[PDB]
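Single-structure report; data block below.
Computed over heavy atoms, backbone and side chain alike; hydrogens, waters and symmetry mates excluded. Note on naming: letters A, B, ... go to the chains in the order of the sequence lines (proteins, then strands), and numbering restarts at 1 for each one.
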Amino acid sequence: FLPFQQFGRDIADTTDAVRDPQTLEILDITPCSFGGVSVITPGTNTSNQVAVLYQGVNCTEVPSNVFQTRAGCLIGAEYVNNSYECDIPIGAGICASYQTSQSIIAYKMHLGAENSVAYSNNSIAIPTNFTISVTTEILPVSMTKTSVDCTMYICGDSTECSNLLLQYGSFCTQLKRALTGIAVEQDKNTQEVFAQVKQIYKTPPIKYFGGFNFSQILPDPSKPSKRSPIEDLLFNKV
Amino acid sequence: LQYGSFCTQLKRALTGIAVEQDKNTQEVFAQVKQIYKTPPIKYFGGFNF
Amino acid sequence: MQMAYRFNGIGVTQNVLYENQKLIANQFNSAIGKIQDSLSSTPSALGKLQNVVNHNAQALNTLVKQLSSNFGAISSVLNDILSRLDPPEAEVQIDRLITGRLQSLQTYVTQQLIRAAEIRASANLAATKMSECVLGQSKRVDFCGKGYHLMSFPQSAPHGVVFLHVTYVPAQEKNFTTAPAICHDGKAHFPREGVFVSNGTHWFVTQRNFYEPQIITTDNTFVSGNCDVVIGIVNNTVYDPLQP
Amino acid sequence: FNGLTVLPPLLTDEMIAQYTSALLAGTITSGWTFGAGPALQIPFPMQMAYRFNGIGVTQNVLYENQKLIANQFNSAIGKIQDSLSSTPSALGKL
Amino acid sequence: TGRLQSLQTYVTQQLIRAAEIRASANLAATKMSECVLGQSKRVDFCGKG
Ligand SMILES: *[C@@H]1O[C@H](CO)[C@@H](O[C@@H]2O[C@H](CO)[C@@H](O)[C@H](O)[C@H]2NC(C)=O)[C@H](O)[C@H]1NC(C)=O
Ligand SMILES: *[C@@H]1O[C@H](CO)[C@@H](O[C@@H]2O[C@H](CO)[C@@H](O)[C@H](O)[C@H]2NC(C)=O)[C@H](O)[C@H]1NC(C)=O
Ligand SMILES: *[C@@H]1O[C@H](CO)[C@@H](O[C@@H]2O[C@H](CO)[C@@H](O)[C@H](O)[C@H]2NC(C)=O)[C@H](O)[C@H]1NC(C)=O
Ligand SMILES: *[C@@H]1O[C@H](CO)[C@@H](O[C@@H]2O[C@H](CO)[C@@H](O)[C@H](O)[C@H]2NC(C)=O)[C@H](O)[C@H]1NC(C)=O
Ligand SMILES: *[C@@H]1O[C@H](CO)[C@@H](O[C@@H]2O[C@H](CO)[C@@H](O)[C@H](O)[C@H]2NC(C)=O)[C@H](O)[C@H]1NC(C)=O
Ligand SMILES: *[C@@H]1O[C@H](CO)[C@@H](O)[C@H](O)[C@H]1NC(C)=O
Ligand SMILES: *[C@@H]1O[C@H](CO)[C@@H](O)[C@H](O)[C@H]1NC(C)=O
Ligand SMILES: *[C@@H]1O[C@H](CO)[C@@H](O)[C@H](O)[C@H]1NC(C)=O
Ligand SMILES: *[C@@H]1O[C@H](CO)[C@@H](O)[C@H](O)[C@H]1NC(C)=O
């Protein structure tokens, strides 16, 4: 410090150094340790053991199996040298799992299987067979349409509350129009996706297409809802 | 405490954002399934990589 | 015939379909038979749709819970404040409750707006996928499933859509020797739509996605220049059909 | 910082670099085959000829100008480091 | 109250910025799929020319 200066301030305007009034000495001030506490579990179905992670603290303050990672202090897990596919993410490339009796272990994430391609300036690879693959993709379309009555929610049934509220200006009008716009948007979203065809086409009564079986995705007349089996499964699941 | 529940909503929003960031990072780079390696001899018909 | 069109669309000749029709139909039936088991076995697969519902429900509960809150006032119940208290001191309590209950509504509306924007983006993507994967065959990589896209089927679900993508995957590959061009009579020859491969003793030309060797002929190749500029040219013979 | 904390990302920089290296090796050795199934090896000039065919140019055009094309590519990739380092505002988006 | 309002505003801004970053990440993933793992016919999607 300069001889007349008494304490030191930071960029954020927080005191970080001080001068002792008796001995002309400078001291650094450091905040006391704090952090978050998280629990890692394999599910009460699988076991009742847990591990505990203290985030962003040195392992010397938490006073078993103790480990120090860039995420913080880990207690109750055994560190190994293997590498598996990640199961429970911890942070900075560290993952945890429940492995062999049985115990909680920690390890490094494994990116994948190592492979090398025999490259040469003279050789090629040509396939001799093929496979037909079917895959599923799921996409949400719309959400629930809600409406709110502002006066009944705020003032219930009393009257002078409404008299006080109307002094606050036009604040109830802008909420209704936003909610109505959202509802109209949902209705437009459904139409944009599903109403793409002009006419309703029908399958021939004789369902033969050269040996291809489409019964799993075609409508089932027996069911009153007239849905396909896959559609019924999806409907019942949610 | 007398005010009510605001901290819970703030915490849940921040945690959602934090998980979304890791999802975003994983969506771009983790497309391949195997770790391929280049041959030790780096000759590709005159092209320099 | 439509399926043959679709194989042509990805660079595979028509005869490959017509000579393997039964096997391909069996493979398609077996693949479509496992969709129900794959969906039912893992409940988390549909969780995304479920997720949306949960979010909405949660919001509503929060909007109720702020009602039973004092918000720094004497009590949450308003009628008691009316009954017990005098008009001077009642007004400040009423105003406090009004402001506290208005902020809660404002926050809810803002969250709804943000979620609606996200849902709109998802719906736009779904409409694009319906336009390009179901009403046509797409050349974009990984847009309609994984592999060489053949076709797709839509199915409906509560607040959502499910696409089944049918694609083609190569398998059982072998290794061969190649050459960029073939020199026959001081002239360079190049394949018209295939690639030259060698069995170790003989040379053939084949399509690039399915092994089907054929004899090099003047109607399989075209001539361009001498045999000096090309690096890696290989001596061989080219058969001429006109042999009367 | 008073109750404010920063959480580290799950994937480190080294893992992302390894992913990019794997992608580069795959595209250099197998062309576009590894993106749709098993990786099939092919010489690089033949892959370049396939790519010229993809845009409406015949194979002989590339096979008769291989050295010139390689030299142009080398010069273009060489200029990239200078062009990128010269302008500080190039990376302003990040 | 004055300190709670600032947190609310900060969380709202973070949500908006996160949405923008998510859109950018989706675009990057699409470009990785279509320009690196294949050859694109779309004009001006993977460079000029
Ligand atoms: C304030 O008073 C204390 C004593 O009450 C001083 O401490 C001593 O100061 C003398 C100065 O000649 C030193 O020789 C001693 O060594 C100090 N004591 C110890 C234990 O070290 C202190 O210096 C005074 N402060 C100022 C600024 O003069
Ligand atoms: C390409 O793969 C198919 C698998 O779908 C092979 O077909 C199988 O062949 C074996 C023996 O030839 C039979 O036991 C199986 O029943 C066949 N599977 C089906 C679904 O029919 C086919 O043989 C392979 N191609 C070649 C040239 O071997
Ligand atoms: C198309 O596939 C469906 C479903 O596999 C077939 O329906 C099955 O038919 C057999 C007849 O031997 C019954 O034992 C099964 O119970 C049926 N399954 C279901 C889910 O109903 C149908 O036969 C196939 N169509 C053709 C022409 O083979
Ligand atoms: C591939 O390119 C690198 C860099 O462009 C070449 O390495 C440089 O080569 C020049 C000569 O052309 C030297 O003056 C530099 O000192 C080299 N730099 C380094 C870091 O090595 C490399 O030689 C090229 N490969 C081949 C086979 O020519
Ligand atoms: C590579 O394939 C060629 C073409 O099938 C083989 O040449 C034929 O081999 C069969 C039996 O080996 C003979 O009956 C034919 O007469 C051969 N063709 C001609 C034109 O003579 C060749 O043997 C194969 N080489 C290897 C190493 O498998
Ligand atoms: C992992 O192996 C290294 C190699 O030296 C060793 O130092 C370390 O103690 C090992 N740790 C575990 C948990 O096996
Ligand atoms: C392939 O490259 C090697 C050098 O790595 C060279 O010796 C060989 O001749 C090349 N092959 C051909 C067919 O040019
Ligand atoms: C083909 O032979 C080469 C040897 O040049 C070898 O490296 C490669 O693995 C072989 N491919 C198969 C599918 O066996
Ligand atoms: C191809 O044949 C010509 C003429 O018969 C000869 O000059 C040339 O060396 C041959 N090429 C090779 C690689 O032997």
Side-chain angles (χ1 to χ4, degrees), chain A residues 10-16 29-38 53-57 68-72 74 83 85-96 106-133 135, chain D residues 1-54 58-60 62-71 73-74 77:
Chain A
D10 209 8
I11 294 92
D13 291 331
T14 69
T15 314
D16 52 354
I29 319 172
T30 304
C32 307
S33 299
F34 68 101
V37 169
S38 312
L53 170 73
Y54 293 80
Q55 299 172 347
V57 301
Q68 181 72 56
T69 74
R70 314 201 60 230
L74 190 63
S83 293
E85 190 210 50
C86 192
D87 196 357
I88 304 174
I90 294 180
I94 306 302
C95 300
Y107 53 87
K108 277 74 69 177
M109 201 175 328
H110 203 36
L111 291 198
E114 148 73 13
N115 185 1
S116 177
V117 191
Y119 176 81
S120 176
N121 48 12
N122 205 4
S123 64
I124 209 175
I126 308 289
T128 67
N129 218 22
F130 55 88
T131 312
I132 299 299
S133 179
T135 317
Chain D
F1 51 103
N2 299 318
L4 300 175
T5 182
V6 159
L7 307 156
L10 173 58
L11 284 181
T12 72
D13 285 344
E14 290 72 22
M15 306 179 178
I16 305 179
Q18 195 157 339
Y19 271 133
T20 61
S21 172
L23 282 156
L24 275 173
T27 197
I28 282 177
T29 306
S30 298
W32 60 87
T33 61
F34 78 109
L40 315 172
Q41 78 262 13
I42 186 177
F44 191 77
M46 293 177 71
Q47 170 189 170
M48 283 303 303
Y50 282 17
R51 292 180 188 272
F52 277 10
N53 262 329
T58 64
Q59 282 170 337
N60 57 340
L62 182 163
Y63 280 125
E64 297 158 355
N65 303 302
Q66 184 173 331
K67 183 176 182 291
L68 169 65
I69 292 163
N71 285 339
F73 170 82
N74 289 339
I77 188 69

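Looking at heavy atoms from C-beta onward, D:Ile42 lies in side-chain contact with A:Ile124 at the 4.5 angstrom threshold. For the pair A:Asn122 and D:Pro43, the minimum side-chain heavy-atom distance is 4.5 Å or more.
A:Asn115 does not touch chain D: none of its heavy atoms, backbone or side chain, sits under 4.5 Å away. The parts of A:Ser123 that come within reach of chain D are both its backbone and its side chain, each placing non-hydrogen atoms under 4.5 angstrom from that chain. Neither the backbone nor the side chain of D:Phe34 comes within less than 4.5 Å of any heavy atom in chain A. Proximity to chain A is absent for every atom of D:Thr33, based on heavy atoms less than 4.5 angstrom apart. When heavy atoms are compared at a cutoff of 4.5 Å, D:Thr29 approaches chain A by way of both its backbone and its side chain.
Chain A forms the most heavy-atom pairs under 4.5 Å with one residue out of D:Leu10, D:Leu40, D:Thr12, D:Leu11, and that residue is D:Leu10. When each of A:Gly56, A:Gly91, A:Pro31, A:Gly112 is checked for heavy-atom pairs under 4.5 Å with chain D, A:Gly91 comes out on top. Among the candidates A:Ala92, A:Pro89, A:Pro127, the residue making the largest number of heavy-atom pairs closer than 4.5 Å to chain D is A:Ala92.
Heavy atoms of other residues, nucleotides or ligands lying less than 6.0 angstrom from CZ of A:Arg70 number 12 at most. For D:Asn2, the CG atom sits in a loose shell: 12 or fewer heavy atoms of surrounding residues, nucleotides or ligands are nearer than 6.0 Å.
Of the N and O atoms on the side chains of D:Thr58 and D:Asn60, at least one donor lies less than 3.5 Å from an acceptor on the other residue. Between the side chains of A:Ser38 and A:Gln55, at least one donor N or O lies within less than 3.5 Å of an accepting N or O.
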